[PDB]
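Input: a single structure, listed below in structure tokens.
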Amino acid sequence: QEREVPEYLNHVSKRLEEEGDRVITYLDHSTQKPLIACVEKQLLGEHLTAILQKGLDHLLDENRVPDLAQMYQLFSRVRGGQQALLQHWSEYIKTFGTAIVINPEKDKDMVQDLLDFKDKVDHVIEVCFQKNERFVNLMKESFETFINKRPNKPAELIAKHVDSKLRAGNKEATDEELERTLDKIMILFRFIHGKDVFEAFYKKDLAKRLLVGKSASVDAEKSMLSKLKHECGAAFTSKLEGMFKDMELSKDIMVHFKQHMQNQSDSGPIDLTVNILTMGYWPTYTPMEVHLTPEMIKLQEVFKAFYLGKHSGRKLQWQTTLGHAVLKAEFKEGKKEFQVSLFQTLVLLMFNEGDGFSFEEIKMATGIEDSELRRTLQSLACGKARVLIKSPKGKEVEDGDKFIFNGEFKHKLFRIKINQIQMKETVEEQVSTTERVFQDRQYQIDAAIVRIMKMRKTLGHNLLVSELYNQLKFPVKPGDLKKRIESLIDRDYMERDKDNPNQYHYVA
Amino acid sequence: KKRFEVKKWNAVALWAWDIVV
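Going down the list, the sequences are from chains e and f.
All you need for the authors' numbering is the position in the first sequence, starting with 1, plus 251.
All you need for the authors' numbering is the position in the second sequence, starting with 1, plus 18.
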């Protein structure tokens, strides 16, 4: 009640260490153990909360690994002080994890902080708790109890950060670290719940990663398929391996077509490339109304011709906007090459035939929807206008864009890769990619509950929730439980047993 | 020949079903 909690802890440490040698020289061994028992009651006995809540969490936040190990000793010797240690420090885990994801204004940085708290608690176990396992039990319990509460802020932020770690830079060439931080991804986000939204978003992420730019490594994606195969269903990693098999099918079609133009001897500059896919293992894509230069339409018909062979049973529903393409660009003061997107490639295709178009037939002769075309003009316009030049300036954009293509263009590099768009995405794009999972759980829980009542006739709702939580990779809301109860009654697999929702039957 | 001379068009797309449900 005079010194600080760490000061009193060091005093207790040294004063207990005093009482040994008193016996060692002169006092009695058989009263050494009564002496330490009494003294430890006098110092540490009956003070296992006012030392062990604040002065625990205070010196954990200060993270003095010496005194944390000191109190670990000083409360692993004592009568039961490690129980107070486990409870106070585990509540400390829950709250000091909870100081991340419940913050809706602070979603720009969540994943790195989660990694940080994971790292800190791991280090406090491995030295400050000296690889005891009770602490690990409280850790995992506390983490899962925490993240059952917010499922679909983290898994989406986590998916974006997983994709961010799946980028090809010049800074990283040791994928061993990215293997190790990938191991931390798997282990740490096994605490994070709602993995179906992460799963579908990772379909979106491999789409946005292959379709523009290039991935961090081949073995990185292979290791992720093998790792995410674990901890989820074995029919939950059928689509991803289907992605890479469909990519190999498209490459084999590429080899076949290149061999079939080996005797036609292409020397022309105009290229067509379609990597074709099936809708069972990929993100779904529906064509949107867009306008294509008629030679591209000729290439579409060529694509039909080479499409109709090789496992016929095939019928066109083409996409002609989702790729990125390399293009040479005429300007004054040099001819450099652009790596750009099809939304912008059509823009640049019209800025060959003339300079002087306006947003009316830029809206029309592209055909591009408003949501895509605004963000198309947020790249290389709404700033840095030396290729396209848009009459509204700044973040605010009005419907009056007047364009005259610029002769002037300056940069110090070749292969001018100015392409945010397809390695970016919009808010309602994310929201819609979430709703394609929201009322997609419907058939999942439908199948699960029809199988349950086909297995056990009576099951209260507080047990249906637990069987579903056992079975599924995401947490099911109480609203969705009412939703499936009512729809099962609509399709005659439930009857309310005893005229209340307490129990049910499988009678129609 | 043009203000962008066409060197590469590349696309990703889906091959679709053709059997009755």
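In this text, a Cβ means the ideal position worked out from N, Cα and C, and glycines have one as well.
1) Measuring only from the beta carbon, is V716 (chain e) closer than 7 Å to any heavy atom that is part of the ligand FMN?
2) If we count the other Cβ atoms within 10 Å of its Cβ and call it buried at 16 or more, is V463 (chain e) buried or exposed?
3) May I ask you to report which of helix, strand or coil DSSP gives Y755 (chain e)?
4) Going residue by residue through the segment 340-405 of chain e, where are the continuous beta strand (DSSP E) segments of at least 3 residues, counting only ones entirely within it?
5) Out of e:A580, e:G651, e:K422, which has the shortest C-alpha to C-alpha gap to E612 (chain e)?
6) Compare the C-beta of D517 (chain e) against all C-beta atoms of chain f and say whether one is closer than 8 Å.
7) For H662 (chain e), count neighbouring Cβ atoms within 10 angstroms of its own Cβ and tell me buried if that reaches 16, exposed if not.
8) Starting from the C-beta of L710 (chain e), find all residues in its chain whose C-beta is less than 8 Å away, skip the five residues before and the five after it, and write them out in chain order.
9) Using DSSP with H/G/I as helix, E/B as strand and the rest coil, what is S592 (chain e)?
10) Taking any Cβ of chain e, which residues in the segment 19-30 of chain f have a Cβ under 8 Å from it, in chain order?
11) Less than 8 Å between the beta carbons of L628 (chain e) and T617 (chain e), yes or no?
12) Are the C-beta atoms of residue 773 (chain e) and some chain f residue less than 8 Å apart?
13) Which of the residues in the segment 632-665 of chain e, read from start to end, lie with their CB under 8 Å from any CB of chain f?
14) Give a yes or no on whether 8 Å exceeds the smallest Cβ distance from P545 (chain e) to chain f.
15) Roughly how many whole angstroms lie between the Cα atoms of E23 (chain f) and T596 (chain e)?
16) Quick one: list the residues of chain f neighbouring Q568 (chain e), beta-carbon separation under 7 Å, in chain order.
17) Could you check if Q568 (chain e) is buried or exposed, using at least 16 other CB atoms within 10 Å of its CB as the buried criterion?
18) Pull up the CB-CB distance for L429 (chain e) and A471 (chain e), whole angstroms please, since I reckon it's below 8 Å.
19) Give the DSSP-derived three-state secondary structure of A335 (chain e) in the structure shown.
20) When the Cα of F665 (chain e) is compared with those of e:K586, e:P285, e:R431, which residue comes out closest?
21) Listed from N- to C-terminal order along the chain, which residues in the segment 687-720 of chain e have their beta-carbon within a distance smaller than 8 Å of any beta-carbon of chain f?
22) So for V638 (chain e), helix, strand or coil by DSSP?
23) Ordered along the chain, which non-local residues of its own chain (more than five positions away) have a Cβ less than 8 Å from that of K459 (chain e)?
24) Checking the sheet assignment: what are the DSSP bridge partners for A424 (chain e)?
25) Using a Cβ-Cβ distance cut-off of 8 Å, determine whether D426 (chain e) contacts chain f.
26) In terms of residue numbering, what span does the alpha helix (DSSP H) encompassing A699 (chain e) cover?
27) Under a CB-based cut-off of 8 Å, is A451 (chain e) close to chain f?
28) Which residues in the same chain as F440 (chain e) place their Cβ atom closer than 7 Å to its Cβ, once the five residues preceding and following it in sequence are excluded?
29) Have a look at e:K265, e:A451, e:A576 and flag the residue whose alpha-carbon is nearest the alpha-carbon of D691 (chain e).
30) Enumerate in chain order the residues of its own chain whose CB-to-CB distance from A699 (chain e) is below 8 Å, with the five nearest sequence positions on each side excluded.
Per the coordinate set shown:
1) No copy of the ligand FMN appears in this structure; indeed no ligand is present at all.
2) Indexing the first sequence from 1 puts residue 463 (chain e) at position 212. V463 (chain e) should be labelled buried.
3) By 1-based counting over the first sequence, the position of residue 755 (chain e) is 504. In the structure shown, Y755 (chain e) sits in a strand (DSSP, three-state: E or B).
4) none
5) As a position in the first sequence, residue 612 (chain e) is number 361, starting the count at 1. Among e:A580, e:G651, e:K422, the Cα nearest to that of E612 (chain e) belongs to e:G651.
6) Residue mapping note: residue 517 (chain e) aligns to position 266 of the first sequence, counting from 1. By this cut-off, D517 (chain e) is not an interface position.
7) For the purposes of this step, residue 662 (chain e) is taken as the residue at position 411 of the first sequence. Per the 10 Å Cβ criterion, exposed.
8) Sequence index remark: in the first sequence, residue 710 (chain e) carries index 459 (1-based). These residues qualify, in order along the chain: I703, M704, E718, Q754, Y755.
9) Along the first sequence, one-based indexing puts residue 592 (chain e) at 341. Of the three classes helix, strand and coil, the one that applies to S592 (chain e) here is strand, per DSSP.
10) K20, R21, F22, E23, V24, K25, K26, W27, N28, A29, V30
11) Residue 628 (chain e) sits at position 377 when you count from the first residue of the first sequence. Residue 617 (chain e) sits at position 366 when you count from the first residue of the first sequence. Result no, Cβ atoms of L628 (chain e) and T617 (chain e) do not sit closer than 8 Å.
12) The structure shown does not extend to residue 773 (chain e), since chain e is modelled only from 252 to 759, so the question has no answer here.
13) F656
14) The sequence position of residue 545 (chain e) within the first sequence is 294, counting from 1. No, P545 (chain e) lies away from the interface with chain f (no Cβ there is under 8 Å from its Cβ).
15) Numbered from 1 along the second sequence, position 5 holds the residue referred to as residue 23 (chain f). Numbered from 1 along the first sequence, position 345 holds the residue referred to as residue 596 (chain e). Answer to the nearest angstrom: the Cα atoms are 11 Å apart.
16) Working through the first sequence from its first residue, we reach residue 568 (chain e) at position 317. Going along chain f in sequence order, the residues near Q568 (chain e) (Cβ under 7 Å) are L32, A34.
17) Position 317 of the first sequence, counted from the start, is the residue given in the question as residue 568 (chain e). Counting Cβ neighbours within 10 Å, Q568 (chain e) comes out exposed, since fewer than 16 surround it.
18) As a position in the first sequence, residue 429 (chain e) is number 178, starting the count at 1. As a position in the first sequence, residue 471 (chain e) is number 220, starting the count at 1. Indeed they touch by this definition, with Cβ atoms about 6 Å apart.
19) Here residue 335 (chain e) refers to the residue found at position 84 when the first sequence is read from its first residue. Three-state DSSP puts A335 (chain e) in a helix.
20) Reading the first sequence from its first residue, position 414 is the one you call residue 665 (chain e). Ranking e:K586, e:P285, e:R431 by Cα distance to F665 (chain e) puts e:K586 first.
21) none
22) On the first sequence, position 387 is the one that residue 638 (chain e) refers to. If DSSP states are grouped into helix, strand and coil, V638 (chain e) belongs with coil.
23) Counting from one through the first sequence, the residue named residue 459 (chain e) turns up at place 208. Only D414, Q673, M674, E676 meet the Cβ criterion.
24) Taking the first sequence and counting its residues from 1, one reaches residue 424 (chain e) at position 173. Its beta-bridge partners do not exist; DSSP assigns none.
25) Start at 1 with the first residue of the first sequence, and residue 426 (chain e) comes out as number 175. False, the Cβ-Cβ gap to chain f never drops below 8 Å.
26) In the first sequence, counting from the first residue as 1, residue 699 (chain e) sits at position 448. Unbroken alpha helix (DSSP H) run through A699 (chain e): 692-706.
27) Residue mapping note: residue 451 (chain e) aligns to position 200 of the first sequence, counting from 1. Judged by the 8 Å Cβ criterion, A451 (chain e) is not in contact with chain f.
28) Position 189 of the first sequence, counting from 1, holds the residue named residue 440 (chain e). Correct list, in chain order: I409.
29) Reading the first sequence from its first residue, position 440 is the one you call residue 691 (chain e). If we check each option's Cα against that of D691 (chain e), e:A451 comes out closest.
30) Numbered from its first residue, the first sequence carries residue 699 (chain e) at position 448. These residues qualify, in order along the chain: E718, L719, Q722, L723.
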